[PDB]
Each structure stands twice: as structure tokens, then as C-alpha cells.
Amino acid sequence: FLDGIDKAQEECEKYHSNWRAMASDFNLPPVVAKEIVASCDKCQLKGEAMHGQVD
Ligand SMILES: [Cd+2]
């Protein structure tokens, strides 16, 4: 667990949902990369939700 992880949160928007690219830049295992997404409130839900075009 590296503190620099806090800096990654600031650029989380820059990497968007591409956690794989962020892991390569910080060289961290999917555990921390997925967790950073798991903490962001915007990337927590995938796409929108149950609201969309459905018939
Ligand atoms: Cd985010």
C-alpha cells in the first residue's frame, strides 16, 4: 500500500475506468487499482444504472 495512491486518486478522472493503465503507471497489483475505483464515487457504478432504453 503506497501513499502515492492518494495522488492516483487525483488523476483517476484522467484514467477514467481504465484501471489497467493506471496500474501500469503506478506498477500496483489489480488489488489497489480496483480499490481506487471502488473508492471513487463516480466510477463506483458502471455506466448509468437501470435507467435506459429497455423494451
Ligand atoms: Cd474516478
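Residues numbered from 1 in each chain as written, not as in the entry; some residues may be left out. Heavy atoms only, no water.

- In its metadata, the entry names solution NMR as the structure determination method.

Looking at the overall build of the protein chain
Phase 1: Regarding its fold elements, the protein chain presents three helices and zero strands.
Phase 2: For the protein chain, the N- to C-terminal ordering of α and β elements is α-α-α.
Phase 3: Taking 10 Å as the expected radius of gyration for a compact globule of 55 residues, we find that the protein chain reaches 13 Å, considerably beyond that expectation.
Phase 4: Projected onto its principal axes, the C-alpha coordinates of the protein chain cover approximately 45 × 20 × 15 Å.
Phase 5: Split into buried and exposed, the 55 residues of the protein chain put 20% on the buried side.
Phase 6: Here the protein chain displays about 4900 Å² of accessible surface, and carbon together with sulfur accounts for 54% of that area. (Helix = DSSP H or I, 4+ residues; strand = E, 2+ residues; numbered from the N terminus. Rg over C-alpha atoms; globule rule 2.2 N^0.38 Å. Buried < 20%, exposed > 50% of the residue type's maximum accessible area, 1.4 Å probe, protein only. Areas by Shrake-Rupley, 256 points an atom, 1.4 Å probe, with all protein chains shown as cover.)

Examining the packing of aromatic side chains
Phase 1: Within this structure, the stated rule accounts for zero aromatic pairs.
Phase 2: Stacked on the ring of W19, the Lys or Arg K34 has its end atom at 5.6 Å from the ring centre. (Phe/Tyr/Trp six-rings, centres within 6.5 Å; stacked < 30°, edge-to-face > 60°. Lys NZ or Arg CZ within 6 Å of the ring centre and 35° of its normal.)

Structural notes on the coordination of the cadmium ion
Metal coordination angles in their ideal form are 109.5 degrees for the four-donor tetrahedron and 90 or 180 degrees for the six-donor octahedron.
Phase 1: Only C12 (SG), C40 (SG) and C43 (SG) from the protein reach the cadmium ion as donors, at distances of 2.6 Å.
Phase 2: In primary-sequence terms, the residues that donate to the cadmium ion follow C-x27-C-x2-C. With a gap of 28 residues between them, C12 in helix α1 (residues 5–15) and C40 in the segment after α3 (30–39) connect regions that are remote in the sequence.
Phase 3: By relative accessible area, which is 22% here, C40 ends up partly exposed. (Donors = N, O, S within 2.8 Å, 3.2 Å for Na, K, Ca; no water.)

Observations regarding α1
Phase 1: Listed in full, the buried residues belonging to α1 are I5, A8, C12 and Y15. The arc that holds every buried residue of α1, seen down its axis, measures 80 degrees, which confines them to one face. Those residues of α1 that are exposed and angled more than 90 degrees off the buried face are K7, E10, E13 and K14.
Phase 2: If you follow the buried residues of α1, they end up packed against α2 (19–26) and α3.
Phase 3: Downstream of α1 by a residue or two, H16 has a phi angle that is positive, lying close to 60 degrees. (Arc of directions from axis to C-beta. Contact = heavy atoms within 4.5 Å.)

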